[PDB]
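Everything below concerns the one structure shown next.
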Amino acid sequence: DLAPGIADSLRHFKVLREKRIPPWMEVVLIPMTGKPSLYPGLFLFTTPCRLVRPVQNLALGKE
Amino acid sequence: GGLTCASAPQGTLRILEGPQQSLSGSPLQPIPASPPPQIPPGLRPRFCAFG
């Protein structure tokens, strides 16, 4: 019950360039249900070879 | 005079620091939507027949 808020807080840091979260960290939160969905858990990638793309973040308008 | 195990704790407190959510405004774009291509005013014909 803290994973959603943590993911949203981390996404707000990267968007507003707060803390030291790299502007390009991927905060992923693969939810867990009872179904055979992808393995659950909060990943956070910041490695130097991933592909990224810009999108206008609504609720903040901060790209 | 040594250290002995004492009574089991009755509870646990876990502290974390968290900020809150603002209002939903959803300001999608500076100049928004795909603005349509359109007619230059008046224009005028730039060609005539012979005769």
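Residue numbering restarts at 1 for every chain of the structure tokens, chains are lettered A, B, ... in their displayed order, and ligands are numbered from 1 as they appear.
For residue 51 of chain A, the residues within 12 Å (counting only C-alpha atoms, excluding itself and residues fewer than 4 positions away along the chain) are residues 24, 25, 26, 45, 46 and 47 of chain A.
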Please, which residues in chain A fall within 9 Å of chain B when counting only C-alpha atoms, and what is the closest atom pair and distance in Å to one decimal for each, ordered by chain then residue number, as JSON lines?
```
{"residue": "A:5", "atom": "CA", "partner": "B:18", "partner_atom": "CA", "distance": 8.5}
{"residue": "A:6", "atom": "CA", "partner": "B:18", "partner_atom": "CA", "distance": 8.6}
{"residue": "A:9", "atom": "CA", "partner": "B:19", "partner_atom": "CA", "distance": 7.9}
{"residue": "A:56", "atom": "CA", "partner": "B:28", "partner_atom": "CA", "distance": 7.0}
{"residue": "A:57", "atom": "CA", "partner": "B:28", "partner_atom": "CA", "distance": 7.8}
{"residue": "A:58", "atom": "CA", "partner": "B:26", "partner_atom": "CA", "distance": 5.0}
{"residue": "A:59", "atom": "CA", "partner": "B:26", "partner_atom": "CA", "distance": 4.4}
{"residue": "A:60", "atom": "CA", "partner": "B:26", "partner_atom": "CA", "distance": 7.2}
{"residue": "A:61", "atom": "CA", "partner": "B:27", "partner_atom": "CA", "distance": 6.1}
```
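Relative to atom CA of residue 17 of chain B, atom CA of residue 18 of chain A is found at 15.0 Å.
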What separates atom CA of residue 7 of chain A and atom CA of residue 27 of chain A is a distance of 6.1 Å
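Inside chain A, the residues DSSP reads as strand (DSSP E) when given the backbone are residues 26, 27, 28, 29, 30, 41, 42, 43, 44 and 45 of chain A.
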Those selected residues, please, written with C-alpha atoms and delivered as a tab-separated table (two decimals), in the first residue's frame.
```
chain	number	residue	atom	x	y	z
A	26	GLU	CA	12.40	4.66	-15.20
A	27	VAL	CA	10.18	4.18	-12.15
A	28	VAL	CA	8.29	1.00	-13.04
A	29	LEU	CA	5.69	-0.64	-10.81
A	30	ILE	CA	4.37	-3.90	-12.26
A	41	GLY	CA	7.68	-5.40	-8.03
A	42	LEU	CA	8.97	-1.78	-8.18
A	43	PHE	CA	11.92	-1.50	-10.53
A	44	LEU	CA	14.02	1.63	-11.01
A	45	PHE	CA	16.39	1.67	-13.98
```
